[PDB]
């Protein structure tokens, strides 16, 4: 599926909504066709690969056991309750699949708040015992680079992969194992509404003239002050981001944000 030449990537889907895979398809300069034809070798990816069934399982084994090595990109949390049965692929639990494959990777990237921290299915009461990759697989010494967000900015995945290929090492990581080059600043310190925040100029409701005028969304729940991400800087789809669309940040690159940041419209 690979050999020499382009670095092999094995992309795994655990408990996920496929929003992170879709985010990668929005890659811009480089675009996803350049990434899959020129930069990397995408050797397993259930959303877009041609093979299915046994043929797909074969492609995966071929990629994972390659003497050339592979990088694993992991989307989705790992359900661990009831011995992992809430999530299976090819009738193997996702916990077993990841336990077997990820220790063999040259590097692992957890892409997605679900993969990094457990995500939406880990929110209380977590019926499937979902865990982020490093939590689930700590005992196997897996230390994935965490690229958080729901979904993350694909700029952040490509930037991390390019760095890794250049330098042969992870970039500086924060205490949640996220690259500081992307997660080093709060959304809030980068926000265009910060002068209103400083002045105590808050929109009291979404229908208000203050909201129309672009006042700060803190009283409507904005979690920008407690969220690390590069959203106001890079934006999404080369054009917008939540506060510039008038809606508070919901904290989506932070661990446990479904429970920590809720109710989303209170601070």
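Positions refer to the first chain, counted from 1.
For the pair 168-176 and 153-161, the mean Cα B-factor is higher in 168-176. Taking the mean C-alpha B-factor of each stretch as recorded, 143-151 and 97-105 are not equal, and the higher mean is that of 97-105. Reading the B-factor column for the CA atoms of 219, 43, 209, 46 in the entry, the top value corresponds to 209. When the Cα B-factors of 138, 88, 124, 188 are read from the PDB record, 138 comes out highest. Sort the chain's modelled residues by C-alpha temperature factor and residue 233 lands in the middle third, per the entry. Ranked by Cα temperature factor within the chain, residue 70 sits in the highest third according to the deposited record. Among the modelled residues of its chain, residue 214 has a C-alpha B-factor that falls in the middle third, as given in the PDB entry.
For residue 134, the recorded CA B-factor ranks within the middle third of the chain. Only modelled residues enter the ranking. Among the modelled residues of its chain, residue 239 has a C-alpha B-factor that falls in the middle third according to the deposited record.
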